[PDB]
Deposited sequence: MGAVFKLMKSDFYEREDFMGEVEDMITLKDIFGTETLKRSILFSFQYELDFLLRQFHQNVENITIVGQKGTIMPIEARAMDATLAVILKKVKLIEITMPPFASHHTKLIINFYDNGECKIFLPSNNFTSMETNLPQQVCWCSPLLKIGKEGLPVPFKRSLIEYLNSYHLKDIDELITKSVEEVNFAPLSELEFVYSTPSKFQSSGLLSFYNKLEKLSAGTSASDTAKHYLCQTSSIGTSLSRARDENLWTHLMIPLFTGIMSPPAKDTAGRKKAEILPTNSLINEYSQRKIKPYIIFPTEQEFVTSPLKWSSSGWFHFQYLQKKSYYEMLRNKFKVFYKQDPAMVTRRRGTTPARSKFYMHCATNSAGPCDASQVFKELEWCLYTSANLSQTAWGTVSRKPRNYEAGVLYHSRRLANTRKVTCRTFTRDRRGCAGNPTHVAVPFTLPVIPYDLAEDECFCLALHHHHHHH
């Protein structure tokens, strides 16, 4: 079936787990189709086997590093001629942020992966990274419609590029998606001809359809206020109020929300590295460059999240492995639990490229500006399960596995601060 794996690192595993080499190094690999935010071609192309026939690369113009002549070698020169580039020119303040791998094998088989890392050496090896791996698919006529397939095809169509239509989508269309009939493909696109991001996801959650309500987000960046005049966070003031029914599509005052959360027993979580977690990371601040929360300008926004919603959670120092310590992860997860043993059984879980920003998600009235993509596990969509099951990789079969500890621990309000890259 589909499985989450923890990306091996050159630093953390010196002498379950996956490498780009496992994904691309297979002798039976015929073609890869790739989507990423950043490409370091000499890092990436060394991952492949000589047998590969085609590598179609979808990327943002200006993010594909070519190989320098002095870095070239005869092997790489061979793989380079197999590469086809599809460059997307993004508007300002917009990112092609999707990570996606579509592999085609000798015998007509297909496999899809959603790695959390971009295809660069340092980002791959320094922060913790995960990879979602699809079950094995086969080129073959299709039976019944598969929501995952249909959504993927919508997503591909939303680029409005002939190269994607012809080189990618036609190929995807030939694959039978039956093994993915339980799961959902959730995406953001800037296309105005296709609904996506938060608005679409909210609607999907409504359609798919007292206790404490836990809502957890793990994100590598945290956006600023949705509003210039008031402190309003995407997770606390919009997404959670929508998911819970506190609000419906046509933002509440902070204090109203705080009373609503108390009355409905809503618990918000955001997992983001503390300043101190870098001290107890084995490569120290080496992975810190990829964790962006710029809260020194509007301090009351930070304090509202930290003190009023008490939203921030950190790793359990007692549960982490020696070799990885408290190194943060660049994966993103959004999950809901309805109840220590919290998050082991979920109502739903989204694993995605999308960070907690309005640029990734859009709002009710604004479309996303990014391309993003992820996979949704929902309890009401499974067959042989009641809930989505989830475990931590820190203890290493469940539906989902996460790089953070379970449980996560509240920030100590006397001591802990969110890592501020400034």
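- Gaps between the deposited sequence and the modelled structure occur at positions 1, 17-23, 218-223, 265-275, 365-372, 430-436, 463-470.
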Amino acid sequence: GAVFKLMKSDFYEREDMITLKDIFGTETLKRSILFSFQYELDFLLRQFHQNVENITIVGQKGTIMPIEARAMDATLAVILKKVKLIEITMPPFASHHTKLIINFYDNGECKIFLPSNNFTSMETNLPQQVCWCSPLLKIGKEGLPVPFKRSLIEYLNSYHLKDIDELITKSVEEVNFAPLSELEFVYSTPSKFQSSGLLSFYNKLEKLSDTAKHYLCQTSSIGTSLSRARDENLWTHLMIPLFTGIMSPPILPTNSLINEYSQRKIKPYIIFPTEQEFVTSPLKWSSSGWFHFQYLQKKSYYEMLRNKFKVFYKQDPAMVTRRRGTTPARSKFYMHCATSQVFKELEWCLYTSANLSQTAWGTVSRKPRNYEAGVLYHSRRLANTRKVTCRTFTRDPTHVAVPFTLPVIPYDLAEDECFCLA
From here on, numbers count along this sequence of modelled residues.
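- If you average the C-alpha B-factors over 258-266 and over 172-180, the higher value belongs to 258-266.
- The PDB entry records a higher mean C-alpha B factor for 379-387 than for its counterpart among 379-387 and 35-43.
- Within the listed group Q60, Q358, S353, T26, the record reports its top CA B-factor for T26.
- The PDB entry assigns the greatest CA B-factor among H97, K332, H237, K298 to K298.
- When the modelled residues of the chain are ordered by C-alpha B-factor, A401 sits in the lowest third.
- For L144, the recorded CA B-factor ranks within the highest third of the chain. Only modelled residues enter the ranking.
- Placement of the Cα temperature factor of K30 within the chain: middle third of the modelled residues, per the deposited record.
- Split the chain's modelled residues into thirds by C-alpha temperature factor. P250 is in the highest one.
- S225: CA B factor lies in the highest third for its chain, per the PDB record.
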